[PDB]
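Here we start with a single chain on its own, the form deposited in one PDB entry, put down as structure tokens.
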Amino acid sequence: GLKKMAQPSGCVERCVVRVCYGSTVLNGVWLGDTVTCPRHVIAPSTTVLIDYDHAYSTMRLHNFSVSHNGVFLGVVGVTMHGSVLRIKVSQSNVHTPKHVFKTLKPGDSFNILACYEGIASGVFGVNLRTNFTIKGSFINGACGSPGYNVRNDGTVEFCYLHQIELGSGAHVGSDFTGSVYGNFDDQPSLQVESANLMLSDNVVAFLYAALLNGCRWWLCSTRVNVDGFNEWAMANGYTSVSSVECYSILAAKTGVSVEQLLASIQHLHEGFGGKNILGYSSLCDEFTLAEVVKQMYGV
């Protein structure tokens, strides 16, 4: 049974604050005596291109309002770093979890805490796609919503701050250093993301899960090695496949090698027509190897 899940959100909920500047409202993340939020909060109300360097120089501390569960925090100073602000506040978050900052790469899964006016309203897992966007569920007010993973020892990795929705509906964020993923611009524009590629590492994990669930009508006995598959992948909307030995736990059971699965992918690439795999009508790239192993065996 494969169910997309989120890791528990309680320790991140204690770090979400409401950040207001003039009339603009979004979410920030409060760690120690620092609040990080998108710099969109200081943007003037206008249609034209925003000049964030100008807005930053004309910024006044007293125009800020930062609160946690209605309790307001004093603003001491502010600095700009790419597309985020670092707001120093007059008290430390005593519920700051043990944490680090990590930048995500395409193929990485993580957790989104969807927040409105500094209040979490939902949590879900997502994958950073090859075009550096995610498929979230956001409405007006979710700017600054955090993305995170919890490591095995309980260290939270903060990796994402929601910034903007593109015209196609794809969602874009930044890391906590202020780099926008995919280097989109953090203001409204006509930018379009590149084509989505199917994450081959996730498709392999998916097919190993199908095998462990007695679903093997689709198995090919042909073998395609990694170099060959990677060459085919370029021609057909798939990423290269990373490695084989990560899957050797899965190849010892099932008895099927990664190269048989790679051959299977090339065979199923058209579609399953008249059949499904684990209830899916086409190849699923939603789940990582880590997810499959964790949800199946608790590792």
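Just so we're on the same page, rigid core means the largest C-alpha set that superposes within 1.5 Å between forms. All residue numbers are counted from 1 along the displayed sequence.
If you look for the form solved in complex with a partner chain, you will not find it shown, but the lines that follow are about it.
Contact label in the bound PDB entry: residue 141 to its partner chain, heavy atom within 4.5 Å: Within the cut-off, so yes.
So in the bound PDB entry, does residue 79 come within 4.5 Å of its partner chain, heavy atom to heavy atom? Answer no; every heavy atom of residue 79 is more than 4.5 Å from its partner chain in the bound PDB entry.
Any chance residue 46 has a heavy atom within 4.5 Å of its partner chain in the bound PDB entry? Flag for residue 46 set to yes.
Find out whether any non-hydrogen atom of residue 202 is located within 4.5 angstroms of its partner chain in the bound PDB entry, and reply yes or no. Residue 202 lies outside the contact set for its partner chain.
Considering its partner chain in the bound PDB entry, find the one stretch among 70-78, 184-192, 99-107, 224-232 with heavy atoms no farther than 4.5 Å from it. That would be stretch 184-192.
Among the candidates 164, 161, 210, 89, the residue which, in the bound PDB entry, approaches its partner chain to within 4.5 Å (heavy atoms): Result of the distance check: 164.
Which of 228, 154, 82, 188 is displaced between this form and the one not shown by 2 angstroms or more at its C-alpha, rigid core aligned: The residue that shifts is 228.
My question is whether residue 34 is one of the residues whose C-alpha shifts by 2 Å or more between this form and the one not shown, given a fit on the rigid core. It does not reach a 2 Å shift.
By the 2 angstroms cut-off, has the C-alpha of residue 68 moved between this form and the one not shown once the rigid core is superposed? After core superposition, the displacement of the residue 68 C-alpha between this form and the one not shown stays below 2 Å, so no.
Flag for residue 59, CA shift 2 Å or larger between this form and the one not shown after aligning core: No.
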